[PDB]
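Next comes query04.cif, with mmCIF, C-alpha atoms.
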```cif
data_target
#
loop_
_atom_site.label_atom_id
_atom_site.label_comp_id
_atom_site.auth_asym_id
_atom_site.auth_seq_id
_atom_site.Cartn_x
_atom_site.Cartn_y
_atom_site.Cartn_z
CA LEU Z 1 68.28 153.36 240.15
CA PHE Z 2 70.58 156.42 240.87
CA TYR Z 3 67.98 158.80 239.23
CA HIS Z 4 65.01 156.98 240.95
CA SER Z 5 66.87 157.28 244.35
CA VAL Z 6 67.54 161.11 244.19
CA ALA Z 7 63.88 161.60 242.97
CA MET Z 8 62.56 159.83 246.17
CA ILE Z 9 64.84 161.52 248.82
CA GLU Z 10 64.28 165.00 247.17
CA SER Z 11 60.45 164.37 247.35
CA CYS Z 12 60.62 163.29 251.08
CA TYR Z 13 63.09 165.89 252.55
CA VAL Z 14 61.19 168.76 250.73
CA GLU Z 15 57.83 167.68 252.33
CA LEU Z 16 59.40 167.06 255.83
CA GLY Z 17 60.61 170.72 255.49
CA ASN Z 18 57.01 172.14 255.37
CA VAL Z 19 55.60 169.40 257.75
CA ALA Z 20 58.00 170.53 260.59
CA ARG Z 21 56.38 174.08 260.40
CA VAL Z 22 52.82 173.06 261.60
CA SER Z 23 51.52 173.40 265.23
CA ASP Z 24 50.61 170.15 267.14
CA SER Z 25 47.05 171.57 267.81
CA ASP Z 26 45.70 170.63 264.30
CA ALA Z 27 43.92 167.70 262.48
CA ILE Z 28 46.82 166.62 260.12
CA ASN Z 29 50.01 167.33 262.21
CA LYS Z 30 53.59 165.98 262.88
CA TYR Z 31 52.36 162.77 264.67
CA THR Z 32 49.13 161.88 262.72
CA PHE Z 33 49.85 162.58 258.95
CA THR Z 34 50.52 158.84 258.08
CA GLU Z 35 47.33 157.31 259.69
CA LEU Z 36 44.71 159.39 257.72
CA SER Z 37 46.55 158.94 254.33
CA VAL Z 38 47.02 155.08 254.61
CA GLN Z 39 43.86 153.14 253.48
CA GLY Z 40 45.19 149.55 254.00
CA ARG Z 41 46.19 147.18 256.87
CA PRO Z 42 50.00 147.31 257.45
CA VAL Z 43 51.55 145.73 260.64
CA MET Z 44 53.19 149.07 261.70
CA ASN Z 45 53.34 152.56 260.00
CA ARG Z 46 57.16 152.51 259.35
CA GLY Z 47 59.74 151.96 256.54
CA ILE Z 48 58.30 152.44 252.98
CA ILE Z 49 54.71 153.50 254.08
CA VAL Z 50 56.00 156.82 255.64
CA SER R 1 33.80 175.14 306.37
CA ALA R 2 31.77 171.93 307.23
CA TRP R 3 32.22 170.72 303.56
CA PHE R 4 36.09 170.55 303.83
CA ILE R 5 36.64 168.83 307.29
CA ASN R 6 36.44 165.11 306.24
CA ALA R 7 38.94 164.07 303.47
CA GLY R 8 37.14 163.35 300.13
CA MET R 9 38.24 160.14 298.28
CA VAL R 10 39.65 160.40 294.67
CA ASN R 11 38.84 157.13 292.75
CA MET R 12 41.97 156.47 290.55
CA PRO R 13 41.43 153.54 288.08
CA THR R 14 43.88 150.53 288.09
CA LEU R 15 46.78 150.91 285.54
CA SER R 16 46.66 148.10 282.88
CA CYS R 17 47.69 148.12 279.14
CA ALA R 18 48.61 145.39 276.55
CA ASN R 19 49.79 147.49 273.51
CA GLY R 20 53.54 146.70 274.08
CA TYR R 21 52.97 142.87 273.91
CA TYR R 22 50.55 142.86 270.88
CA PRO R 23 51.33 145.93 268.67
CA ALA R 24 49.30 144.31 265.78
CA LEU R 25 45.96 145.29 267.52
CA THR R 26 46.91 149.06 267.34
CA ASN R 27 47.19 150.01 263.58
CA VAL R 28 46.51 153.05 261.25
CA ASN R 29 42.63 152.66 261.22
CA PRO R 30 41.51 153.14 264.89
CA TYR R 31 37.92 152.69 266.26
CA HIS R 32 36.31 155.85 267.83
CA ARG R 33 32.63 156.50 268.88
CA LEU R 34 32.70 160.36 268.50
CA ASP R 35 34.49 162.13 265.55
CA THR R 36 35.60 164.96 267.99
CA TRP R 37 37.77 162.45 269.99
CA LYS R 38 41.16 164.34 269.68
CA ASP R 39 39.83 167.87 270.62
CA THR R 40 40.69 167.79 274.41
CA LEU R 41 44.45 166.97 273.85
CA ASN R 42 44.73 169.48 270.90
CA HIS R 43 43.22 172.15 273.29
CA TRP R 44 45.61 171.38 276.25
CA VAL R 45 48.86 171.14 274.13
CA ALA R 46 48.03 174.61 272.59
CA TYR R 47 46.74 176.40 275.80
CA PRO R 48 47.92 174.62 279.02
CA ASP R 49 46.98 177.48 281.47
CA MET R 50 43.28 177.46 280.24
CA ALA Y 1 20.59 143.86 291.21
CA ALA Y 2 22.95 143.77 294.28
CA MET Y 3 25.68 141.29 295.49
CA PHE Y 4 27.44 141.14 298.94
CA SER Y 5 30.69 139.37 300.10
CA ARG Y 6 32.56 139.65 303.50
CA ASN Y 7 29.77 142.10 304.68
CA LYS Y 8 30.83 144.55 301.85
CA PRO Y 9 29.33 145.35 298.38
CA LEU Y 10 30.73 143.18 295.48
CA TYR Y 11 30.61 145.30 292.24
CA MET Y 12 30.68 143.88 288.64
CA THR Y 13 33.56 145.34 286.49
CA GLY Y 14 34.81 145.06 282.84
CA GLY Y 15 32.97 145.36 279.48
CA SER Y 16 29.22 145.03 278.61
CA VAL Y 17 28.23 141.32 278.00
CA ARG Y 18 26.15 140.87 274.76
CA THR Y 19 23.86 138.00 273.52
CA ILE Y 20 26.35 136.26 271.11
CA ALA Y 21 24.48 134.73 268.08
CA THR Y 22 25.87 132.42 265.30
CA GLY Y 23 25.06 135.16 262.69
CA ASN Y 24 27.12 137.97 264.39
CA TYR Y 25 30.53 136.30 263.54
CA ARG Y 26 29.64 134.70 260.12
CA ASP Y 27 28.41 138.13 258.76
CA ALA Y 28 32.11 139.22 259.18
CA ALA Y 29 32.97 135.94 257.29
CA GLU Y 30 30.37 137.04 254.63
CA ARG Y 31 32.17 140.47 254.75
CA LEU Y 32 35.62 138.63 254.74
CA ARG Y 33 37.09 142.19 254.96
CA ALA Y 34 36.67 142.22 251.11
CA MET Y 35 38.67 145.55 250.97
CA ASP Y 36 41.42 144.42 248.48
CA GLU Y 37 44.64 144.43 250.64
CA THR Y 38 46.32 147.17 248.48
CA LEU Y 39 48.17 150.09 250.24
CA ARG Y 40 46.35 153.09 248.59
CA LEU Y 41 48.01 156.31 250.00
CA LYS Y 42 45.83 159.48 249.49
CA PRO Y 43 47.49 162.97 249.33
CA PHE Y 44 47.01 166.27 251.31
CA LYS Y 45 47.18 169.69 249.49
CA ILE Y 46 48.94 172.36 251.68
CA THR Y 47 46.89 175.63 252.11
CA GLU Y 48 48.57 179.06 252.84
CA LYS Y 49 46.93 181.68 255.17
CA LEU Y 50 47.77 185.11 256.80
CA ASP Y 51 50.75 184.01 259.04
CA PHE Y 52 52.64 181.81 256.43
CA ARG Y 53 55.19 180.85 259.23
CA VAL Y 54 53.00 177.79 260.25
CA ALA Y 55 51.64 175.26 257.65
CA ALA Y 56 48.01 173.93 257.39
CA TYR Y 57 47.02 170.71 255.46
CA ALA Y 58 43.51 170.18 253.93
CA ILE Y 59 41.84 166.78 253.07
CA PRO Y 60 41.19 167.30 249.28
#
```
Please express the file's structure as C-alpha cells.
Amino acid sequence: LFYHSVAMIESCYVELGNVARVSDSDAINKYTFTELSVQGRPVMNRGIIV
Amino acid sequence: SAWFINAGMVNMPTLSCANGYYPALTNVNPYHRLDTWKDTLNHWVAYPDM
Amino acid sequence: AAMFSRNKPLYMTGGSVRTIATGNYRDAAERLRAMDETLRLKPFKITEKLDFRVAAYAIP
C-alpha cells in the first residue's frame, strides 16, 4: 500500500502543477476539467473521482 | 433630448434558485441547447473592458 | 389570448406546458438509462504552443 500511495499522490500533484498554468478563458480549464472526463452518474464530483 | 426626459423601466427578473437544497439535480452531465453556451463568460473573464 | 384582473393585464409565467402522453415516460423506462453505471474517466493529452508559460488541453 506504501508504494501504491506514493504512486497516486505523485501522479496527482504533478498534473495539478501543469493544470494551475492554464487561463480560465478555455474549454478544459481549472474549474471544468472533471465534468468532461467523467462519463458516469456520481452524486457530487469530489473525493476519489477528482 | 425628448427621448431621455421620462425614466425608462429596467425589467429585473425575480431571484429564485433550488440548487443548495437538492444538489443531486446538478451533476457532471449538464443539459444545454447550444454547444457554444460557455463563450460569453470565457470572453468577459479574459477581456472585461471589451 | 388575453386575461384581465383588477383592471390590469394578468400575464402567464413559467415553463411551456406540453401534451403529456403515456408513451413519453415509459420510453425512458424502455431506455431505463441502460448506460452501465461504471465510472469511466477519459484522459486529456496536454499540447504545447509558442508561449509555453500557459497550458492547453486537447480532447484526444
When the PyMOL selection byres ((chain R) within 12 of (chain Y)) is applied to the file above, which residues end up in the set, as a VMD selection string? chain R and resid 13 to 14 28
Grab the residues selected above and save them as an mmCIF file, keeping the file's coordinate frame with C-alpha atoms.
```cif
data_model
loop_
_atom_site.group_PDB
_atom_site.id
_atom_site.type_symbol
_atom_site.label_atom_id
_atom_site.label_comp_id
_atom_site.auth_asym_id
_atom_site.auth_seq_id
_atom_site.Cartn_x
_atom_site.Cartn_y
_atom_site.Cartn_z
ATOM 1 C CA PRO R 13 41.430 153.540 288.080
ATOM 2 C CA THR R 14 43.880 150.530 288.090
ATOM 3 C CA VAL R 28 46.510 153.050 261.250
#
```
Determine, using all atoms listed in the file, which residues of chain Z have any atom at most 6 Å from an atom of chain R, and tabulate each with its shortest atom pair and distance in Å to one decimal place, rows ordered by chain and then rising number, as a Markdown table.
```
| residue | atom | partner | partner_atom | distance |
| --- | --- | --- | --- | --- |
| Z:25 | CA | R:42 | CA | 4.4 |
| Z:35 | CA | R:28 | CA | 4.6 |
| Z:43 | CA | R:24 | CA | 5.8 |
```
The PyMOL selection byres ((chain Z) within 6 of (chain Y)) applied to the shown file, residues as a PDB file with C-alpha atoms, in the coordinates of the input:
```pdb
ATOM      1  CA  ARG Z  21      56.380 174.080 260.400  1.00  0.00           C
ATOM      2  CA  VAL Z  22      52.820 173.060 261.600  1.00  0.00           C
ATOM      3  CA  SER Z  37      46.550 158.940 254.330  1.00  0.00           C
ATOM      4  CA  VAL Z  38      47.020 155.080 254.610  1.00  0.00           C
ATOM      5  CA  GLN Z  39      43.860 153.140 253.480  1.00  0.00           C
ATOM      6  CA  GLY Z  40      45.190 149.550 254.000  1.00  0.00           C
TER       7      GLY Z  40
END
```
Find the smallest box with edges along x, y and z containing every listed atom of range 5-24 of chain Z, then add 4 Å on each side and report centre and edge lengths in Å to one decimal, as JSON.
```
{"center_x": 59.1, "center_y": 165.7, "center_z": 255.1, "size_x": 24.9, "size_y": 24.8, "size_z": 32.2}
```
In Å, rounded to a single decimal, give me how far CA of residue 8 in chain Z is from CA of residue 26 in chain Z. 27.0 Å
To one decimal in Å, tell me the separation between CA of residue 13 in chain Y and CA of residue 18 in chain R. 18.0 Å
Hey, can you check how far CA of residue 24 in chain Z sits from CA of residue 48 in chain R? 13.0 Å
